[PDB]
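Chemist: Pasting query-v1.tsv below, which is TSV, C-alpha atoms.
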chain	number	residue	atom	x	y	z
A	1	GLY	CA	22.08	8.71	15.53
A	2	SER	CA	21.06	11.65	13.35
A	3	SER	CA	19.32	10.64	10.13
A	4	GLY	CA	18.25	12.37	6.93
A	5	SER	CA	19.71	13.58	3.63
A	6	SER	CA	17.49	15.96	1.66
A	7	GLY	CA	14.36	14.36	0.26
A	8	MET	CA	12.10	11.46	1.23
A	9	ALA	CA	11.19	9.53	-1.93
A	10	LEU	CA	13.79	6.76	-2.00
A	11	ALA	CA	12.92	4.93	-5.22
A	12	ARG	CA	11.67	7.26	-7.95
A	13	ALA	CA	9.19	5.00	-9.75
A	14	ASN	CA	6.55	5.83	-12.36
A	15	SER	CA	3.59	3.97	-10.86
A	16	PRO	CA	1.89	3.10	-7.52
A	17	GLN	CA	2.51	-0.60	-8.12
A	18	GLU	CA	6.28	-0.17	-7.76
A	19	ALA	CA	5.77	2.11	-4.76
A	20	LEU	CA	3.85	-0.64	-2.98
A	21	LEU	CA	6.04	-3.56	-4.05
A	22	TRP	CA	9.11	-1.66	-2.84
A	23	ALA	CA	7.45	-1.01	0.52
A	24	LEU	CA	7.04	-4.75	1.07
A	25	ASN	CA	10.64	-5.50	0.09
A	26	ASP	CA	12.02	-2.70	2.25
A	27	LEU	CA	10.45	-4.34	5.31
A	28	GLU	CA	12.93	-6.38	7.34
A	29	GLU	CA	12.52	-10.03	8.33
A	30	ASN	CA	11.34	-9.16	11.84
A	31	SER	CA	9.03	-6.38	10.66
A	32	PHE	CA	7.54	-8.24	7.70
A	33	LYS	CA	7.04	-11.36	9.82
A	34	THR	CA	4.92	-9.31	12.23
A	35	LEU	CA	3.25	-7.14	9.59
A	36	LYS	CA	2.13	-10.26	7.72
A	37	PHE	CA	-0.07	-11.33	10.63
A	38	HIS	CA	-1.37	-7.78	11.04
A	39	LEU	CA	-2.80	-8.05	7.52
A	40	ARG	CA	-5.75	-10.12	8.75
A	41	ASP	CA	-6.45	-7.38	11.29
A	42	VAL	CA	-6.93	-4.88	8.46
A	43	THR	CA	-8.28	-7.21	5.78
A	44	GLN	CA	-10.53	-9.28	8.04
A	45	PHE	CA	-10.94	-11.74	5.17
A	46	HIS	CA	-10.86	-15.54	5.03
A	47	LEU	CA	-7.15	-15.61	4.17
A	48	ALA	CA	-6.26	-18.56	6.41
A	49	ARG	CA	-5.56	-22.29	6.36
A	50	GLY	CA	-2.39	-21.81	4.33
A	51	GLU	CA	-3.42	-18.55	2.68
A	52	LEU	CA	-1.76	-15.78	4.69
A	53	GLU	CA	1.56	-17.63	4.71
A	54	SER	CA	1.21	-18.32	0.99
A	55	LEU	CA	1.47	-14.58	0.39
A	56	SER	CA	4.84	-12.89	-0.16
A	57	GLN	CA	6.61	-9.69	-1.21
A	58	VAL	CA	5.31	-10.22	-4.74
A	59	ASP	CA	2.10	-12.17	-4.12
A	60	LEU	CA	1.01	-9.58	-1.56
A	61	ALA	CA	1.67	-6.75	-4.01
A	62	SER	CA	-0.46	-8.49	-6.64
A	63	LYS	CA	-3.22	-9.50	-4.22
A	64	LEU	CA	-3.51	-6.05	-2.62
A	65	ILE	CA	-4.13	-4.55	-6.06
A	66	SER	CA	-6.31	-7.42	-7.26
A	67	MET	CA	-8.52	-7.17	-4.17
A	68	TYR	CA	-8.59	-3.37	-3.95
A	69	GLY	CA	-6.10	-1.66	-6.24
A	70	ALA	CA	-2.87	0.34	-6.43
A	71	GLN	CA	-4.34	3.52	-4.95
A	72	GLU	CA	-6.12	1.69	-2.13
A	73	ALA	CA	-3.39	-0.87	-1.46
A	74	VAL	CA	-1.07	1.99	-0.52
A	75	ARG	CA	-3.62	3.36	1.96
A	76	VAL	CA	-4.05	-0.03	3.62
A	77	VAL	CA	-0.37	-0.67	4.34
A	78	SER	CA	-0.16	2.88	5.68
A	79	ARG	CA	-2.97	2.21	8.14
A	80	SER	CA	-1.18	-0.85	9.53
A	81	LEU	CA	2.22	0.87	9.66
A	82	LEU	CA	0.86	3.27	12.28
A	83	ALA	CA	0.28	0.26	14.54
A	84	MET	CA	3.88	-0.90	14.15
A	85	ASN	CA	5.17	2.65	14.71
A	86	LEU	CA	6.95	3.40	11.43
A	87	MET	CA	6.35	6.98	10.28
A	88	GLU	CA	9.32	6.52	7.94
A	89	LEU	CA	7.26	4.16	5.78
A	90	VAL	CA	3.97	5.99	6.37
A	91	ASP	CA	5.51	9.17	4.95
A	92	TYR	CA	6.71	7.35	1.84
A	93	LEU	CA	3.41	5.66	0.96
A	94	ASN	CA	1.51	8.85	1.80
A	95	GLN	CA	3.66	10.68	-0.75
A	96	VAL	CA	2.57	8.24	-3.46
A	97	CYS	CA	-1.19	8.33	-3.97
A	98	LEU	CA	-2.80	9.55	-7.20
A	99	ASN	CA	-6.45	10.44	-6.62
A	100	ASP	CA	-7.91	13.90	-7.23
A	101	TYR	CA	-11.54	14.18	-8.32
A	102	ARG	CA	-13.39	17.49	-8.02
A	103	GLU	CA	-17.16	17.75	-8.50
A	104	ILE	CA	-19.27	14.94	-9.95
A	105	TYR	CA	-22.05	16.81	-11.75
A	106	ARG	CA	-20.32	18.70	-14.56
A	107	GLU	CA	-16.77	17.36	-14.25
A	108	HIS	CA	-15.81	17.53	-17.92
A	109	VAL	CA	-12.46	18.50	-19.44
A	110	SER	CA	-11.31	15.86	-21.93
A	111	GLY	CA	-12.21	12.32	-20.91
A	112	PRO	CA	-10.54	10.76	-17.83
A	113	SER	CA	-11.66	7.25	-18.79
A	114	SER	CA	-10.27	6.19	-22.17
A	115	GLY	CA	-8.40	9.19	-23.55
Please lay out the structure from this file as structure tokens.

Modeler:
Amino acid sequence: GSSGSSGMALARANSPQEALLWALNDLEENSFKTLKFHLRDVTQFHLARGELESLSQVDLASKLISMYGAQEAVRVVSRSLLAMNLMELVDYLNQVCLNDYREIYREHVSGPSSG
């Protein structure tokens, strides 16, 4: 088959939200249909009785961030992807993940909270 071009980042977005929403849309009908059920295996929540099915490409992207966030939502989908054998997607999500905090005693530079 031979695959590849040059880079990896398909859609060059400016936020983790788009990186996650695109990952759900990129999934096929056979992959998403199976990945949807795998969600409960990772979430282990009470999302049943017409809850899991209620989710979607958009609802899932909003729920994943509302329940955890944009930085954590990307780590979750990546953990489930390994089960479905899809390094292609795992490499994409892994590339998008803003989170670098060094020291927690005198970590002062400007104000990573409001400013």

Chemist: Grab the atom CA of residue 80 of chain A to atom CA of residue 38 of chain A distance for me, in Å with one decimal place.

Modeler: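 Atom-to-atom, atom CA of residue 80 of chain A and atom CA of residue 38 of chain A are spaced 7.1 Å apart.
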
Chemist: If we count only C-alpha atoms, what is near residue 9 of chain A at a cut-off of 9 Å, once residues fewer than 5 positions away on the same chain are taken out, given as a VMD selection string?

Modeler: chain A and resid 91 to 92 95 to 96

Chemist: Quote the spacing between atom CA of residue 37 of chain A and atom CA of residue 58 of chain A in Å to one decimal place.

Modeler: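 Between these atoms lies a distance of 16.3 Å.
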
Chemist: Mind pulling up the distance from atom CA of residue 23 of chain A to atom CA of residue 88 of chain A?

Modeler: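 The value is 10.7 Å.
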
Chemist: Using only C-alpha atoms, which of A:2, A:30, A:25, A:17 sits nearest residue 70 of chain A?

Modeler: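 So, comparing all the options, the nearest one is A:17.
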
Chemist: Report the centre and edge lengths, in Å to one decimal, of an axis-aligned box enclosing every atom of segment 87-100 of chain A listed in the file, padded by 4 Å on each side, as lines of an AutoDock Vina configuration file.

Modeler:
center_x = 0.7
center_y = 9.0
center_z = 1.5
size_x = 25.2
size_y = 17.7
size_z = 25.5

Chemist: Using only C-alpha atoms, which residues sit within 12 Å of residue 83 of chain A once same-chain residues fewer than 2 positions away are excluded, as a list in words?

Modeler: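 Result of the neighbour search: residues 31, 34, 35, 38, 39, 41, 42, 76, 77, 78, 79, 80, 81, 85, 86, 87, 89 and 90 of chain A.
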
Chemist: May I ask which of the residues A:43, A:6, A:54, A:94 is the closest one to residue 67 of chain A, counting only C-alpha atoms?

Modeler: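 Once distances to residue 67 of chain A are computed over only C-alpha atoms, the minimum belongs to A:43.
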
Chemist: Quick one: of A:84, A:24, A:104, A:74, who's nearest to residue 55 of chain A, counting only C-alpha atoms?

Modeler: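 Of the candidates, the smallest distance to residue 55 of chain A is held by A:24.
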
Chemist: Check the smallest atom-to-atom distance from each of A:114, A:99, A:44, A:71 to residue 16 of chain A using all atoms listed in the file, then report the winner.

Modeler: A:71
